[PDB]
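First come two forms of one protein chain, each written alone as structure tokens, so that there is a structure 1 and a structure 2.
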Structure 1
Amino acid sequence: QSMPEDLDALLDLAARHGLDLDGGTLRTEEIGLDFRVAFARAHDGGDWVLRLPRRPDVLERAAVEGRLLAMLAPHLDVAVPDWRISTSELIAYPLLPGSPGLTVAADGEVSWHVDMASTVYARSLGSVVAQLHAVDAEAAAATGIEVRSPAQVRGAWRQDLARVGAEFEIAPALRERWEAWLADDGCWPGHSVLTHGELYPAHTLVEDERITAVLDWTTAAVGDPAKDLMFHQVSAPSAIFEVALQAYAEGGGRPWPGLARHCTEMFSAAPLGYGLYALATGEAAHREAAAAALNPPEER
């Protein structure tokens, strides 16, 4: 990244919260829509991450995330951020060790740092997800995250299809696929767990193809266990997903026979998530992108 021109203001901000940084090491990532992010070494040599809230309206999501991280860290063997400073103007935590399993460059180039056909990653993922899914769901709920029963998990997808269908044209081929998914009792979970919600390699750190930390916990919710296995299911060979499922069950996870089927159908319903986002933002650019995903053009 880059050396910021407001170095002195950033050092003052950390200093007034008790964090003394070596300004020679300070770099910033400016691309986030909700936070400005800085990395620096402290005077005692430790590496730090700084998150600067851009607007007061991001503080609610940060407060929930902070409560989740505090209660979750004792229950996972892998690392999560340890917020030693959490205020309106600064969130700061030690840099977690390891390298991201997937990085995206400034021009949009995606680079993978672990292969989805790896048995090592498959077993590491299944182990971490079983530990996460074992976390006490009532203590999870007290943090403020959303909570959905198995009944509410299925009903939310049914409602979501209806709401998106009322505001967007949906190609019949996609609508019929998703209706058949929602009608297949074999796909759907019979129990709810604490989930991450976006567990793909960009939100992990890896060492020797094993997960050593999991990041970006804003999507966490009690609900469908498959959400945390679906990205592996759609990207890994089927025998490698089965290695992940075996490690998941070995850790106390309780998969069901149609779980892999469910994962692929669910991933295909991503255009409904785009539609929901557009309706939430109201921004014309998001509505246009969701509309193109919900009603793709014909082949030529």
Structure 2
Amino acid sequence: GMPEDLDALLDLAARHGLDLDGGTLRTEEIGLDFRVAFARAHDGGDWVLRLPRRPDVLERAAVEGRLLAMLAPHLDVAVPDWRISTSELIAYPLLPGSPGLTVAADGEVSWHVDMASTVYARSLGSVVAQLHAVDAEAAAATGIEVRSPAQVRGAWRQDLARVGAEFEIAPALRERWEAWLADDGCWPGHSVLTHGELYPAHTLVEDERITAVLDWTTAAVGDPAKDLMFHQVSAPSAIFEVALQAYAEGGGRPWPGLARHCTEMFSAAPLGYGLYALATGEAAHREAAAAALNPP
């Protein structure tokens, strides 16, 4: 859709050297931190605009920029190349391929790639191995969050306590999550650079192969499984094994309990809803988290 502040946005982009055809500028997605728009330049190039919605987003954006600068040479998929990156505007050339899925504003999901795909599984395992191979000290120097295996497991234990102090949690869910936290077989023995929100909305594809990976704000050194989780819970087990095999062939070090860890981690999504509601303070979020934490 045509932005209501179209006028100011063209001025903003031109002040940064980007001469856009204002007819082409349309808002694609309004995130919690960035408004994202597509636009074409008069020289024909296609562009993505990231517009920070509040000044408190800027120091995280600066870390992500540092991350992306060190990361890009290490991966055989494209990542956003922030040719403009200021306090007022980030912009990068539009990356090729189609999002594997798209989540509308009304929450409905449109799928472009099917999770039974062996080609997609192999591609995902390969890209995640390459990311996981990135030197974690070099990644930590960008400013991203860093957790050892003990701190990964400690953070989940702390989150269960913080959420349980503010919400009623169904006893069967608490017992499942306590059993998960207690089970050494589930937990990683090493930390790696991770994407942190790796699912098909952020993997562009062509012919079921990943061409680019978007949206690196959540990148951190931490649990390898978090970048395989969405595939584990959405793909048939035999297709997740194709991704695990590609991961291992690329140098990844999966552990036997990893698939189960992914499914226990996904069952704990309500903890994330509770943490999000505690951060926003909004009534609708609190009520959504409350319902998810104590299901019928």
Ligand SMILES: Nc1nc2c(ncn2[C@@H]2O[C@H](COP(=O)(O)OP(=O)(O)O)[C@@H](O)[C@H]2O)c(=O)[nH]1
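Rigid core here is just the name for the largest C-alpha set that superposes within 1.5 Å across the two forms. By convention here, residues take numbers in order along the sequence of structure 1, the first being 1.
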Quiz item: Of structures 1 and 2, which one represents the form deposited with the named molecule bound?
Solution: 2
Quiz item: With the two forms aligned on the rigid core, which of the residues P74, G190, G108, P172 moves its CA by 2 Å or more between the two structures?
Solution: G108
Quiz item: Is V37 one of the residues whose C-alpha moves 2 Å or more between the two structures after the core fit?
Solution: yes
Quiz item: Honestly, after the rigid core fit, is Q233 moving at least 2 Å at Cα between the two structures?
Solution: no
Quiz item: Rigid core fitted, is the C-alpha displacement of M266 between the two structures 2 Å or more?
Solution: no
Quiz item: Cα shift of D8 between the two structures after core superposition, in Å?
Solution: 3.8
Practice problem: Mind pulling the C-alpha shift for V206 between the two structures, with the rigid core superposed, in Å? | Solution: 0.5
